[PDB]
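Engineer: I'd like to ask some things about the structure below.
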Amino acid sequence: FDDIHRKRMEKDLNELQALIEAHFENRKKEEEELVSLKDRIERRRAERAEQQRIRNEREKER
Amino acid sequence: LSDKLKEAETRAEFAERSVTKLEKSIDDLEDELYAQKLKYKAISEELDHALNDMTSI
Amino acid sequence: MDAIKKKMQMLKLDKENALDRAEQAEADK
Amino acid sequence: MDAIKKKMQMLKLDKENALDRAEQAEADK
């Protein structure tokens, strides 16, 4: 019986460390990859938006 | 050719307009979408991170 | 809360069993 | 979450207290 309790602590603490790591790392990987990716998407969209604004001004002159 | 050009030019404009309209709605999509993309997973991810710790009692 | 679902079962069962033991330990007289 | 922290500790305590009560009462009985 008390071995059940020990097994529970063994899995919970192995899980705790796996989880402190997975909780943090899954977010740091997904989250930093996401902002890095979307920081670039945001910049590329802003660049394209500026280019289209310029393109629209050029057509207006045409 | 004049009519085909007007139609093609009109379509060049409409298709390019659709391209810049979609590039914009896509950017405006994706950009707002990445916000969701970056915060829905980070909020839920940090919620789950926190859960490992929230449940450490 | 998977951690809770199982910890919940563990503690409810362990406290209920411990309580059942507390109650019997005295109740047996 | 308060519900999980507060009750996990209280249910843990019911177990620990009941366990000690079982041992104590059993020793008396």
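By order of appearance in the structure tokens: chains A, B, ..., then residues from 1 within every chain, and ligands from 1 in the order shown.
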Specify as a list in words all residues of chain D found within 6 Å of chain C, counting only C-alpha atoms.
Structural biologist: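 That gives the following set of residues: residues 14, 15, 18, 19, 21, 22, 25, 26 and 29 of chain D.
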Engineer: Only C-alpha atoms, please: the residues just picked out, written as an mmCIF file, in the first residue's frame.
Structural biologist:
data_model
loop_
_atom_site.group_PDB
_atom_site.id
_atom_site.type_symbol
_atom_site.label_atom_id
_atom_site.label_comp_id
_atom_site.auth_asym_id
_atom_site.auth_seq_id
_atom_site.Cartn_x
_atom_site.Cartn_y
_atom_site.Cartn_z
ATOM 1 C CA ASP D 14 -7.826 15.566 6.684
ATOM 2 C CA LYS D 15 -5.797 12.530 5.653
ATOM 3 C CA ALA D 18 -7.155 11.176 10.313
ATOM 4 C CA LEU D 19 -4.146 8.967 9.926
ATOM 5 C CA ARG D 21 -6.134 9.904 14.826
ATOM 6 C CA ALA D 22 -6.363 6.344 13.643
ATOM 7 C CA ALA D 25 -7.311 5.993 18.783
ATOM 8 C CA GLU D 26 -6.122 2.523 17.864
ATOM 9 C CA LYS D 29 -8.518 0.986 21.810
#
Engineer: Give the residues of chain A that lie within 8 Å of chain B; count only C-alpha atoms, and format the answer as JSON, numbers by chain.
Structural biologist: {"A": [16, 19, 20, 22, 23, 24, 26, 27, 30, 31, 34, 35, 38, 41, 42, 45, 49, 52]}
Engineer: Please superimpose chain C upon chain D, fitting all C-alpha atoms matched one to one in order, and report the result as a compact mmCIF listing (two decimals) with C-alpha atoms, in the first residue's frame.
Structural biologist:
# COMPACT_ATOMS: atom_id res chain seq x y z
CA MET C 1 -5.22 26.08 -9.29
CA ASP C 2 -6.42 28.20 -6.36
CA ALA C 3 -9.25 25.81 -5.78
CA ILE C 4 -6.72 23.10 -5.40
CA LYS C 5 -4.26 24.98 -3.35
CA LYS C 6 -6.88 25.35 -0.66
CA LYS C 7 -8.68 22.04 -1.20
CA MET C 8 -5.26 20.42 -1.05
CA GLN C 9 -4.51 21.95 2.24
CA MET C 10 -7.97 21.00 3.47
CA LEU C 11 -7.73 17.40 2.46
CA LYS C 12 -4.15 16.85 3.43
CA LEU C 13 -4.89 18.29 6.82
CA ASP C 14 -8.18 16.54 7.21
CA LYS C 15 -6.83 13.15 6.15
CA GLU C 16 -3.73 13.56 8.19
CA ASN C 17 -5.79 14.45 11.18
CA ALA C 18 -8.24 11.65 10.51
CA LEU C 19 -5.34 9.26 10.05
CA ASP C 20 -3.67 10.48 13.18
CA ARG C 21 -6.98 9.78 14.88
CA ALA C 22 -7.21 6.32 13.26
CA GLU C 23 -3.76 5.45 14.38
CA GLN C 24 -4.26 6.75 17.91
CA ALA C 25 -7.65 5.23 18.25
CA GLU C 26 -6.13 1.82 17.79
CA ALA C 27 -2.66 2.58 19.24
CA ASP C 28 -4.04 3.74 22.56
CA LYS C 29 -5.07 0.11 23.20
Engineer: One number please: CA of residue 40 in chain A to CA of residue 25 in chain B, in Å, one decimal.
Structural biologist: 16.9 Å
Engineer: What separation in Å, quoted to one decimal, exists between CA of residue 16 in chain B and CA of residue 48 in chain A?
Structural biologist: 13.5 Å
